[PDB]
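Observations on chain architecture
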Amino acid sequence: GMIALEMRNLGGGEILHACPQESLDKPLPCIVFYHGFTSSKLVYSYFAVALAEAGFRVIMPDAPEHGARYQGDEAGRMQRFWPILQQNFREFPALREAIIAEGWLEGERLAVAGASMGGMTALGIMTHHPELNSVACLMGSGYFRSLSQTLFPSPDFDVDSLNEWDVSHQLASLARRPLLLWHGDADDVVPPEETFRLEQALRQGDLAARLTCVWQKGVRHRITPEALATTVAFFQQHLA
Amino acid sequence: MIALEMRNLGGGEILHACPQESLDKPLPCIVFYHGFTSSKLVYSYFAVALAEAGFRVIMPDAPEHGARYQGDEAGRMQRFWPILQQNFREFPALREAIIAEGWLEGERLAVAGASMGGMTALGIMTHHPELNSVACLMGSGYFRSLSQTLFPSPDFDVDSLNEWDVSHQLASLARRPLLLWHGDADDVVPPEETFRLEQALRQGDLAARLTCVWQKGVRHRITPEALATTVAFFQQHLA
């Protein structure tokens, strides 16, 4: 069916909202989707299209220093990946409250998803919010302390700031609700081992009963039609 | 606020996006072609961005992609070049279908695409000087030579690409505004493809309508800057 999409201000910033046309004036199951680093909610808006076509409401915010928040300091942003990620985690409760205040959320049917930096965001949120319906992380990681040593390392940022969010001491929270981990097995940006290590830790700990882990052979750091279909099908089995 | 729908035209599924207030009105239209092994849904952010700018956007499936993909992953990898050639050939019928829907205002029609889709847009250009403007993002016009290195297709007659290859008809690329965008670290479609076309047009005195945009350090990926450049280009030429 037909979907509606709009840019709207919510919680003090700009979001992208998509939903079925026939449900603009109704609460719905909602997915917050977080975009990747140096990308934007508009570049990742195909997730909103695909999920709204499946009947969901999708809310896409701007990460710090991205989208309408970006002021052109490209070199500085390159040095602030990890503080940007940390602020992304911290902004989730206020965003949830703003969604609820709009009348957009049906009950407790709220999920969180993202790709790359956005998938890292989703996993960190999950450690603090296992009441969520379900979570998806595509070509991401939960091992922030480790990965911040090599991937876009941030000068003058204390790695201890990531302690509360890193998934190493939070695996039972990741096991509490349905979790999708997707990764291309040839990723040359976020190593596939980030996701393999998490899958193996959950399985070895008897914490994998709610885990869906999908690998795509030969795929690098890019979302494919198969990854998108996997994401939609996952939410159709838990959030719908 | 924009509206987006899937529509079935003559047995082919298309993605259509436009401003909600204009659903029942003709508009300037952009046909956007997706990349190889991708789909119109994965590239639908172009439809979102351009509809937010006031355009109607029509996105079809390439042969063996989207709703036309019915299996044979391995076979599809061997058929890049016949898929591209058939993508060129389908444009007139697609335009006729768009017009039959009442979607197109006059002759205000442009084509664009990324990767294989940008190749498609350039090939269409060579045969359609009546178009308003054309955009090719991280693509190439040098089909005959590129077919020997990028996803080569066995048992495909390369000579059938000669009628489409831009290097056999440089003046046709100069007839209308043309955007070439490329990331200079692209490891899938080499940036040299775009550099060589820009230089060929400049050396032929055929670059007066050419806009060439590079992004330093960017690989085979559409960035927010590339997307903004595409929107700004069509605003310049469809206004």
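The deposited coordinates, according to the entry record, derive from X-ray crystallography at 1.30 Å resolution.

1. Focus: the packing of helix α1 (residues 46–53) of chain A against helix α9 (residues 225–236) of chain A
All names here are of chain A. α9 packs onto α1 with a crossing angle of 40° between their chain directions and a minimal axis gap of 10 Å. Considered as vectors, α1 and α9 are oriented oblique to each other. Between α1 and α9 lies a crossing whose hand is right-handed. Where α1 approaches α9, its residues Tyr-46, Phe-47, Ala-50 and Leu-51 are matched on the opposing element by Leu-228, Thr-231, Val-232 and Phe-235.

2. Some details on the interface of chain B and chain A
Of the residues lining the interface, 29 residues belong to chain B; the matching set on chain A comes to 30 residues. Carbon and sulfur atoms make up 58% of the surface buried where chain B meets chain A, a total of about 2300 Å² over both sides. It is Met1(B), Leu4(B) and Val42(B) that lose the most area in chain B upon contact with chain A, and together they represent 23% of the buried surface on that side. Linking chain B to chain A there are two salt bridges.

3. A word on the nonpolar core
Counting 69 residues, the largest nonpolar core has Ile223(A), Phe235(A), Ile222(B) and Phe234(B) as the members making the most contacts within it. Not counting residues within four places of it along the chain, the set of residues in contact with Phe235(A) comprises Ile31(A), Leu51(A), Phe56(A), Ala111(A), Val112(A), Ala113(A), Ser134(A), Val135(A), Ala136(A) and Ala240(A). With 45 residues, the next largest nonpolar core counts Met119(B), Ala121(B), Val134(B) and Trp164(B) among its residues.

4. Structural notes on the state of the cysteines
A complete count under the given rule lists zero disulfides over all chains for this structure. The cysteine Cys19(A) is free of any disulfide, with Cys30(A) supplying the nearest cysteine sulfur at 8.9 Å. There is no disulfide at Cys136(B), and the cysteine sulfur nearest it, in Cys212(B), is 9.9 Å away. Among the residues examined, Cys136(B) registers a relative accessible area of 2% and is labelled buried.

The rules behind these values
Residues numbered from 1 in each chain as written, not as in the entry; some residues may be left out. Chains lettered and ligands numbered in written order. Heavy atoms only, no water. Axes fitted to C-alpha atoms, helices over the stretch in contact; angles between N-to-C directions. Helix = DSSP H or I, 4+ residues; strand = E, 2+ residues; numbered from the N terminus. Parallel < 35°, antiparallel > 145°, perpendicular 65-115°, else oblique. Left-handed = near helix turned anticlockwise from the far one by under 90°. Contact = heavy atoms within 4.5 Å. Buried area = accessible area lost by both parts, 1.4 Å probe. Salt bridge = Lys/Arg side-chain N within 4 Å of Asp/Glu carboxyl O. Core = buried A, V, L, I, M, F, W, Y, C linked by side-chain atoms within 4.5 Å. Buried < 20%, exposed > 50% of the residue type's maximum accessible area, 1.4 Å probe, protein only. Disulfide = S-S within 2.5 Å.

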